[PDB]
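Take a look at the structure below.
What follows draws every value from the coordinates through simple rules; no lab data is involved. Cβ coordinates were reconstructed from backbone atoms using ideal geometry, including for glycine residues, and neighbour counts include every protein chain displayed.
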Amino acid sequence: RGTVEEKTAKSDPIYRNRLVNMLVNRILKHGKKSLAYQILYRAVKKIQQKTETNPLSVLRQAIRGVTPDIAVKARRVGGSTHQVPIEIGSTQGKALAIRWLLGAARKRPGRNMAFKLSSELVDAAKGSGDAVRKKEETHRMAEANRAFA
Amino acid sequence: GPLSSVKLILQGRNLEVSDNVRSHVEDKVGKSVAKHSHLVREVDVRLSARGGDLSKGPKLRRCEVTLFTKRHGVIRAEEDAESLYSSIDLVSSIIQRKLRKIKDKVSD
Amino acid sequence: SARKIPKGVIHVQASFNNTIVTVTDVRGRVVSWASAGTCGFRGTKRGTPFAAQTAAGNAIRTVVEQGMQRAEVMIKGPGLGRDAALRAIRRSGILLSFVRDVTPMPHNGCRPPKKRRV
Amino acid sequence: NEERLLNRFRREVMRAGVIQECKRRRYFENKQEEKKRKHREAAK
RNA sequence: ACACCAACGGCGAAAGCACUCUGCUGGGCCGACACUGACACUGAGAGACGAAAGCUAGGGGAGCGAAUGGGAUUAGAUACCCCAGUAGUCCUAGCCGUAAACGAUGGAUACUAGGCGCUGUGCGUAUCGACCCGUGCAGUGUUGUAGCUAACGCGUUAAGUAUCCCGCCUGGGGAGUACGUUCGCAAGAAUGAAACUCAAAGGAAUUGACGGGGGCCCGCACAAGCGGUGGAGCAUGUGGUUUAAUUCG
């Protein structure tokens, strides 16, 4: 098949941001869009309560520390499987960034999803927790095999 | 398939199955795919008979053996012979070539 | 130490599955050698252009006690380890006078062994 | 210096393909006609 | 053992022959009439040579490398892969006499379109000297008319048209085996059946299918996501088991 028709991406409902709307679509599970909306804006009203900066700043600065520049694509030549790394694009790194961020945010227990996404989000903002460690363990594997190409 | 092997499933159509029949099935099929080291999931051996003194047509014994293996696909072999025993030995030979096709194609 | 002269030959035994980056003076007393098996990883990984780059870098990074200006490189043999090694020496950028090949070009001397049939 | 490679470029004058030729066995005119027919037609 | 030179190139009867130089020596091709005057062709049996592997005798032994030995892959591996590695490979003197020893085409003469080539010489042009053009022949190659051929193709180097000479063939197995004999140090080579059995065995071409042969292009086919089944409980269907029947498909 050739290609996908280009893209249509709208901005955030109340902040007019194309990243946070991407994040509210990724936290969506089966159509409950008002509830995912609720979880994200309770996370923003939580992040105004924790520190006192723009949530765009702590969010974008968080996902800069989750986004990888390179990853493992276990490719094949002649039947021989090389673990050769290939440089991932930018918006691909956005989708992977909030991917690991969100799934890792679905592990830290204790309280509702606002506290869970808040806690793993500031752990991304401080280089701790699990999402940026997941960045490292997917980053120190492609670093480990640069002897391929 | 006495032990450790793929799961055996018989089908008997138009045929009252005996001890010597399914014993010959597990011993010829199972003991010829006993030098396997294959974790094949499921073997369906469907052993129907037809014709001759039973009905119109020549005397036929027709076996189909199907292997739902993990190892690169599914395979089936249908042979039609004058006896049950010649059917099951002949399908046993065919499935020997098909499994050596699978194992030998895993190379390098 | 050594004779302390900043000109000296570099030999790169680029094998079909390995590389060796040795460096020696004009007479031929080696001042350092470092190969793909030297720099850590070993096996099917060694003998790739990353191993040529890392083995050359860890080879000539230890001649900073000399600080050789006038470099000249005398490589040998077939393999995927040549061009990354020359990009490594030009990355260190020291006064590479001339690179050259000294590979054994036989004049039908000995019979090379059986073809592989794999 | 610049990142130009004239050793590879000059190398194909007398290629290192006389060393991938000489790893495997001395064999007669079947594979010397295959390699030297494909090589007599690669230069023409 | 002799890279580049190495060429769809040169020579030999074939096998073969390539680092250079020297010596002895074979054979080919071309011209002049310089000579003889049919001395010609083929060749049973015979004789010689005859790749490689093999064997006797003595040297020599770096690489490679049957057998062997170890490691690996593998259910297994006496094999492909890898590491060692003996005979052998080379030479002297012999024996052996077989090869897909193939151009899968015995030799010789005469005759029958061309195109594009290469090699060797000869004549004329051109210059006066290397070229360069046509050619006279001989040899080597590639497309190709006629004709032949079951077809593919061959086609002045015929598988064409004719003439001569020798060999060999008459269904496939059995079987290049048995027996005998000759040769051979042996390995074996040569000559070479039958009983019985089969209705085929073969050749060239076509159409399909297929290929762990290419080339190209689609498909939620894989990859990227998202969500499940397989785990638990239940609903239901099938197989098996049981029963008088667990209707049949």
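A few remarks follow.
- Helix C:83-92 axis, angle to chain C major axis (alpha carbon atoms, nearest 10°): 10 degrees
- Residues whose amide H falls under 5 Å from that of C:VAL99, counting only those 5 or more places apart or on a different chain, are C:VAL73, with hydrogens built in the peptide plane.
- Principal-axis analysis of the Cα atoms of chain A puts helix A:90-105 at an angle of about 60° to the longest axis.
- Across chain B, the longest run free of exposed loop sites, meaning GluC sites (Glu not before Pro) lying outside DSSP classes H, G, I, E and B with no more than 15 other Cβ atoms within 10 Å, spans B:17-81.
- Sorted largest first, extent of chain D alpha carbons per principal axis (Å): 46, 26, 11
- The phi torsions of region A:138-147, fed into the Karplus equation with coefficients 6.51, -1.76 and 1.60 and a -60° offset, translate into couplings of 8, 9, 8, 9, 6, 6, 6, 10, 9, 7 Hz, rounded to whole numbers, with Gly and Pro shown as x.
- Euclidean distance of C-alpha centroids, region A:78-92 and region C:46-105, integer Å: 28 Å
- Interatomic Cα distance distribution for chain C, bins of 5 angstrom, percent: 2, 12, 22, 22, 17, 12, 7, 4, 2, 1, 0
- Shielding by partners for peptide A:143-149, expressed as the average number of C-beta atoms from other protein chains within 10 Å of each residue's C-beta, is 5.
- Going from the fewest other Cβ atoms within 10 Å to the most, the residues A:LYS10, A:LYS50 appear in the order A:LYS10, A:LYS50.
- Among D:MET14, C:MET74, sorting on how many other beta-carbon atoms sit within 10 Å of each Cβ, with the fewest leading, yields D:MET14, C:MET74.
- Assuming charge only on the beta carbon of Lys and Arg (+1) and of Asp and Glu (-1), the dipole of the protein assembly as shown about its Cα centre is about 920 debye to the nearest 20.
- Ratio of Rg to Rh for region A:1-41: 1.09 [Cα atoms; Kirkwood radius as inverse mean 1/r over pairs].
- Nearest-20 debye value, chain A charge dipole, Cβ charges on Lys, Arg, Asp, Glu: 540 debye
- Inter-chain shielding of C:73-86 (mean C-beta neighbours from other protein chains, 10 Å cut-off): 2
- Relative to the longest principal axis of the Cα atoms of chain B, helix B:84-105 runs at roughly 20 degrees.
- Ranked packing of C:88-100, C:56-68, most packed first, by mean Cβ within 10 Å: C:56-68, C:88-100
- Fraction of antiparallel bridges per DSSP, the protein assembly as shown only, in percent to nearest 5: 65 percent
- Among the listed pairs B:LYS35/B:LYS70; A:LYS73/B:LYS103; A:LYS107/A:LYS135; A:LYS10/A:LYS33; C:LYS114/D:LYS35, those beyond 19 Å (Cα-Cα): A:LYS73/B:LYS103
- Note on D:19-31: average number of Cβ atoms from other chains within 10 Å of each residue's Cβ is 4.
- Dipole in debye (nearest 20) - chain B, about Cα centre, beta carbon charges: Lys, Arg +1; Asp, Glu -1: 420 debye
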